[PDB]
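Single chain ahead, written as structure tokens, the form deposited in one PDB entry.
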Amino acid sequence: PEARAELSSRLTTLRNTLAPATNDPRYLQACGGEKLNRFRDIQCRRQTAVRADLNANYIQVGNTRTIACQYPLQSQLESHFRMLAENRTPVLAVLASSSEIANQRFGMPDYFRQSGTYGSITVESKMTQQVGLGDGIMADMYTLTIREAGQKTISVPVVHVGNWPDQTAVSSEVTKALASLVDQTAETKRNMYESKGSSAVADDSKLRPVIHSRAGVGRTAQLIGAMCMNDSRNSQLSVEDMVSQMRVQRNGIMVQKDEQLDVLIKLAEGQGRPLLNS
């Protein structure tokens, strides 16, 4: 608890440092009245913004590269599909529940479980498998095929965790299981691009996991820290570096609740990974 006590003081000073001021030059700003941010206080670092009209961030913790973003507002589903397709997305992991998506006061379009046209893009959706992850959590798998005229059709694998509640932490075991299922999905898809000579394969602002929830700072950040602890390449990287990297690169809220951080602390503990630096 002492080590845990010190990890929290350090992470809590950083949250306060990073709190967005009014017209903060560190955070990406809304343009010309179109709304950017689904929650006015969950801002996007401008230095790592993926595009100018999405609250979306390139993240890199250690060697593990991903894109973390909020749930697109309606205004944004054409750009959100544009980003999915230009990234040659190897896997989209969607962590907002069906209840959340279904409740229309929440403004969460059900963009991937049905077909649609969104400006010049047309997307087709198809349910393929349903994997159980443990403790009752379930992933339903979809394939989104994204087509826009005069452009190369792209197809994205979707893992949707249908029943993970906002503000909660699923267990170490559902997390471990989830992180593996999203990395393996990513891998089959990346190996498909590589057998075809994709130029995306060279480029390291492409072929990144896109993970989001609602705000994309809680359930999104707990999955991301477990994907990062799963790469042998991220040896000795403490939990304090990992959360600090996530927060300097998107916003200081990443790993929002203390229950989500404790799941990352027990996964650390079991690998014999450090909490604190030095």
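One rule holds for the numbers: they count along the sequence shown, beginning at 1.
As the entry records it, the average C-alpha temperature factor is higher for 21-29, out of 250-258 and 21-29. For the two regions 80-88 and 203-211, the entry's Cα B-factors average higher over 203-211. The PDB entry assigns the greatest CA B-factor among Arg65, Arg45, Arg219, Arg40 to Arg40.
Of the candidates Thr175, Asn163, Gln104, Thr185, the one whose C-alpha carries the top B factor in the deposited record is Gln104. In this PDB entry, the Cα temperature factor of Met229 sits in the middle third of its chain's modelled residues. The entry lists a Cα temperature factor for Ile59 that places it in the lowest third of the chain's modelled residues. Split the chain's modelled residues into thirds by C-alpha temperature factor. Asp135 is in the highest one. Among the modelled residues of its chain, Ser125 has a C-alpha B-factor that falls in the highest third according to the deposited record. Placement of the Cα temperature factor of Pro109 within the chain: lowest third of the modelled residues, per the deposited record.
Separately, the form deposited with a partner chain bound exists; it is not shown, and the next lines address it.
Checked against the partner chain in the deposited complex, the candidates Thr117, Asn103, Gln74, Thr153 yield a single residue with a heavy atom inside 4.5 Å, and that residue is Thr153.
Among the residues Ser97, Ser125, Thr122, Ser198, the one placing a heavy atom within 4.5 Å of the partner chain in the deposited complex is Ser198. The candidate stretches are 189-197, 89-97, 75-83, 108-116, and the one lying within 4.5 Å of the partner chain in the deposited complex by heavy atoms is 189-197.
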